[PDB]
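Participant: Each residue of the sequence shown is one higher than the last, beginning at 463 in the UniProt record's numbering.
The C-beta atom is built at its ideal place from N, Cα and C for all residues, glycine as well.
Once you've had a glance at the structure underneath, I'll fire off some questions.
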Amino acid sequence: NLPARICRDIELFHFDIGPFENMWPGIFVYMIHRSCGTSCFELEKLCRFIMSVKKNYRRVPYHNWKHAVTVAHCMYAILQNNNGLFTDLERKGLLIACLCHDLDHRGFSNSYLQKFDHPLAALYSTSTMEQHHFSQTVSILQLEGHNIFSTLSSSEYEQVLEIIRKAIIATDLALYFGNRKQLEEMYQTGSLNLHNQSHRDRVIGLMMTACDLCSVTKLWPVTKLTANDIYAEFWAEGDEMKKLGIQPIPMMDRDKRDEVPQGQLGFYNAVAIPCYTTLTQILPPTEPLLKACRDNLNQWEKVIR
Ligand SMILES: COc1cc2ncnc(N3CCC[C@@H](c4ccccc4)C3)c2cc1OCCc1ccccn1
Ligand SMILES: [Mg+2]
Ligand SMILES: [Zn+2]
Numbered sequence: 463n464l465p466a467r468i469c470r471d472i473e474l475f476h477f478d479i480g481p482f483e484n485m486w487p488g489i490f491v492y493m494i495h496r497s498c499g500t501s502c503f504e505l506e507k508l509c510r511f512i513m514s515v516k517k518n519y520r521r522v523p524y525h526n527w528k529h530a531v532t533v534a535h536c537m538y539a540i541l542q543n544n545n546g547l548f549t550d551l552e553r554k555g556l557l558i559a560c561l562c563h564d565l566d567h568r569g570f571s572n573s574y575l576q577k578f579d580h581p582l583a584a585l586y587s588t589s590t591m592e593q594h595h596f597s598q599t600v601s602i603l604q605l606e607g608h609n610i611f612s613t614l615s616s617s618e619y620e621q622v623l624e625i626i627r628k629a630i631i632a633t634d635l636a637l638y639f640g641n642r643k644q645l646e647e648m649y650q651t652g653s654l655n656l657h658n659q660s661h662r663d664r665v666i667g668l669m670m671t672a673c674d675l676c677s678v679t680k681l682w683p684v685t686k687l688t689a690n691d692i693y694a695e696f697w698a699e700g701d702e703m704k705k706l707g708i709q710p711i712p713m714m715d716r717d718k719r720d721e722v723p724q725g726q727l728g729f730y731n732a733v734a735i736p737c738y739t740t741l742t743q744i745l746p747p748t749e750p751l752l753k754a755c756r757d758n759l760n761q762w763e764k765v766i767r
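Here's what the structure looks like:
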């Protein structure tokens, strides 16, 4: 049962879920309750799903259980401040998608898996980890007593899984660049139509990027510390690249760590600011994400001087 400070602060886009792991499941239950109703999931079925999801996240520095819940929380905040736009089913699916969207991640990029010749890259040639993440989600749903969608009709079940599939695939950031370009064209020609399912999928995709990247929308101390965990995986990957005989990109090369601030500038200019700029144009109540993103861009510019 949620303490008062969290009942309040959880509505803030910049909420941080804290260091107490055992609290995160109740945090997610509360979010899904508040967004989708307490009559919607069988409580002990949902609990069991949640613990099995936790168990199939790995102890990696960043792509871990904490990241998953944090991304779900960003989605909760977007959904709360955009009442009436998304269906019951969409809100259920998106929150579950966010919880599940990095299942069984190793802390390595699709590119590294492809260079390594990992079996997953043979099985899923594109969006490799993201296809696996969705595969893991289904496997967990098929375990005895884990079908949190058991009361929905067959049709609604296939529907919500497809919502989840597309949302998890969309977290492959390689897809974001084209998606966002399409959406910005749509916005500026006044052609964006939320009743159009393909447009709607794009908007959900962008929301999934926004949540996945949300470390850059927290207050600076959180953003800065989260970047330590992000780079710990990047640098581990570049070491691994060095071990296959391949010179890693700078971002993954620990020997170029003094360039981290310049790198952050690059990322904010080319990815984060455009992402939340476009999201605020479509969903104006998401503006606090953009403002916090800009403040962090200013902090990184401060570090450089
Ligand atoms: C919050 O920090 C980041 C989070 C990221 N999350 C997912 N993917 C990334 N990258 C994937 C490959 C390309 C990269 C990118 C794309 C466009 C411009 C810049 C970077 C995005 C990320 C890069 C980040 O900054 C790390 C930024 C960085 C870049 C270079 C050297 C040191 N740090
Ligand atoms: Mg991912
Ligand atoms: Zn993620």
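Following a CB-centred definition, is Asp663 positioned closer than 7 Å to any heavy atom of ligand 2?
Facilitator: Because no heavy atom of ligand 2 lies under 7 Å away, the Cβ of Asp663 does not count as near it: no.
Participant: Quick one: is the Cβ of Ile744 within less than 7 Å of any heavy atom of ligand 1?
Facilitator: Outside the cutoff, so no.
Participant: Spell out whether any CB of chain E is found under 8 Å from the CB atom of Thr685.
Facilitator: Among the chains in the structure shown there is no chain E, since it carries only a single protein chain.
Participant: Quick one: Cα of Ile744 to Cα of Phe596, how far?
Facilitator: Those two C-alpha atoms are separated by around 27 Å.
Participant: At which residues does the alpha helix (DSSP H) containing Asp701 begin and terminate?
Facilitator: Residues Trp682 to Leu706.
Participant: I need the boundaries of the alpha helix (DSSP H) containing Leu582, first residue and last residue.
Facilitator: Element bounds for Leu582: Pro581 to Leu585.
Participant: Please state whether DSSP places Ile489 in a helix, a strand or coil.
Facilitator: Helix, per DSSP.
Participant: Suppose contacts are defined by Cβ-Cβ distances below 8 Å. Is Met714 in contact with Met703 by that definition?
Facilitator: Yes.
Participant: For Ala534, does the count of other Cβ atoms within 10 angstroms reach 16, so buried, or fall short, so exposed?
Facilitator: By the neighbour-count rule (16 or more Cβ atoms within 10 Å), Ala534 is buried.
Participant: Using a threshold of 8 Å, state whether the C-beta atoms of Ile479 and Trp486 are closer than that.
Facilitator: Closer than 8 Å, so yes.
Participant: By a C-beta neighbour count over all protein chains shown, 10 Å radius and 16 as the cutoff for buried, is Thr500 buried or exposed?
Facilitator: By the neighbour-count rule (16 or more Cβ atoms within 10 Å), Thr500 is not buried but exposed.
Participant: Just the C-alpha distance for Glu763 and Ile666, rounded to the nearest angstrom, thanks.
Facilitator: Taking the straight line from one Cα to the other gives about 31 Å.
Participant: Determine, using beta carbons only, whether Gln593 and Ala583 come nearer to each other than 8 Å.
Facilitator: No. Outside cutoff.
Participant: What's the C-alpha gap between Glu749 and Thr742?
Facilitator: Their Cα atoms are separated by approximately 5 Å.
Participant: Would you kindly work out how many angstroms separate the C-alpha atoms of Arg568 and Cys560, rounded to a whole number?
Facilitator: If you take the alpha carbons of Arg568 and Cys560, they lie about 17 Å apart.
Participant: Under 7 Å from any heavy atom of ligand 1, does the C-beta of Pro736 make it?
Facilitator: For ligand 1, not one heavy atom lies less than 7 Å from the Cβ of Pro736.
Participant: Can you list the alpha helix (DSSP H) stretches of 4 or more residues lying completely in the stretch 581–628, in chain order?
Facilitator: For the stretch 581–628, whole alpha helix (DSSP H) runs of length 4 or above, ordered along the chain, are 581–585 and 590–603.
Participant: Kindly examine ligand 3 and report whether one of its heavy atoms sits closer than 7 Å to the Cβ of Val533.
Facilitator: Checking the Cβ of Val533 against ligand 3 gives yes.
Participant: Within the stretch 530–576, note down every full alpha helix (DSSP H) run reaching 4 residues or more, in order along the chain.
Facilitator: Whole alpha helix (DSSP H) segments, 4+ residues: 550–562.
Participant: Identify, in the order they occur along the chain, each residue of the same chain with its Cβ nearer than 8 Å to the Cβ of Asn518, setting aside the five sequence neighbours on each side.
Facilitator: Taken in chain order, the residues that qualify are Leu565, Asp566, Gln598 and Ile602.
Participant: Go ahead and pull the three-state DSSP assignment for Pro481.
Facilitator: Here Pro481 sits in coil by DSSP.
Participant: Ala583: beta carbon under 7 Å from a heavy atom of ligand 1?
Facilitator: Incorrect: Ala583 has no Cβ contact closer than 7 Å to ligand 1.
Participant: Specify the secondary structure class of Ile666 as computed by DSSP and reduced to three states.
Facilitator: It is helical.
Participant: Do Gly555 and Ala629 have their beta-carbon atoms positioned less than 8 Å apart in this structure?
Facilitator: Yes. Within cutoff.
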